[PDB]
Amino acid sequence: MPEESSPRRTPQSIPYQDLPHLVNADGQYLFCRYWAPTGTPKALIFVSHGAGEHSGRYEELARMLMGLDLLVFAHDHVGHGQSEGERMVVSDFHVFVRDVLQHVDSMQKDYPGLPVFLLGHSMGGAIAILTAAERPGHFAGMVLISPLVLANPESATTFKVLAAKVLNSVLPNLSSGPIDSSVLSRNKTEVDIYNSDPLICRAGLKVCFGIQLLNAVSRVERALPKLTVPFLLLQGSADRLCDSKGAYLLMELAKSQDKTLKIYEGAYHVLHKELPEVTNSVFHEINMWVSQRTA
């Protein structure tokens, strides 16, 4: 008699049968998270995390959103957190978009007739933009926290040179240096928390992944005249990872009739984990913006 093979486990050795999950189009398990209110939800909202991190870092934001009667849902992108895949590797950037759409489609089957919002930070913001641009008119709104629209000019040069070296030769292990944690936030405790989380990948960015981030930036630029979804864009003026010029470009080139930008003077990249004055404002602004569009 044939027997079933050992249960599929996360990269941290936890069986997926003991966790909320989804199998993507490539047969890879994605770890999922849900924060549902006690009553009938007013709307659904997918949270899209950034490069190297994972969905567990959105606990406080998600609880605030759930407190507004929204059903919040997320998954760790392939190659991240508790999902399967080689760490920080993606065959094509569109895999992330495809997987967000599968999860949104699955949730809309269980909760039909509800409006659906997107919330994305950094690389997750580029994913949210590309997701909304692929389905014009489908999403009720998008909340972008320091989205990857334009990379820091020095880093864009570094990866364009590295991409040209691997495009011309075979160098599978080539990587840049790691993301300097000190530029993430002026809140030193949040920098320390980022440096202590075992689910965060703090290795140098592989050049193949850098190529997909260059693809994301190029695709976001081409998508902006197709973008009509309502959005709230939050950006720090001293962001060394996602250049603030990208936020101004998004405000200018998107076709959206409902677009708002809030600049946080002197703030770094991770606005929802910045100094308390900034973080409290970020939570308040997202609460007001989503409340106004779910009433």
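Numbering starts at 1 and follows the sequence shown. Heads up, when I say rigid core I mean the largest set of C-alphas that superpose within 1.5 Å between the two forms.
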Checklist outcome for this item: Of 102 to 110 and 152 to 160, the one with the larger RMS C-alpha deviation from the shown form in 5 other deposited structures of this protein, core-superposed, is 152 to 160
Item to check | Which of 120 to 128 and 177 to 185 strays further in 5 other deposited structures of this protein - Cα RMS after rigid core alignment | outcome: 177 to 185
Next on the checklist: I need to verify one thing: averaged over C-alpha atoms only, is the B-factor higher for 193 to 201 or for 206 to 214?
Outcome noted: 206 to 214
Item to check | Higher-B stretch (mean Cα B-factor, as the entry records it), 49 to 57 or 64 to 72 | outcome: 64 to 72
Checklist entry - Checking the entry, which one of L114, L148, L118, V78 has the top C-alpha B factor? => result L114
Checklist entry - Highest Cα B-factor in the deposition, which of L232, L250, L227, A267? => result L227
Next on the checklist: Ranking the modelled residues of this chain by C-alpha B-factor as given in the entry, is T40 in the lowest, middle or highest third?
Outcome noted: highest
Checklist entry - Is the Cα B-factor recorded for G85 in the lowest, middle or highest third of its chain? => result middle
Item to check | CA B-factor ranking of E134, expressed as a third of its chain | outcome: highest
Checklist entry - Would the CA B-factor of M142 place it in the lowest, middle or highest third of its chain? => result lowest
Checklist entry - Going by the entry, which third of its chain does the Cα temperature factor of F96 land in? => result lowest
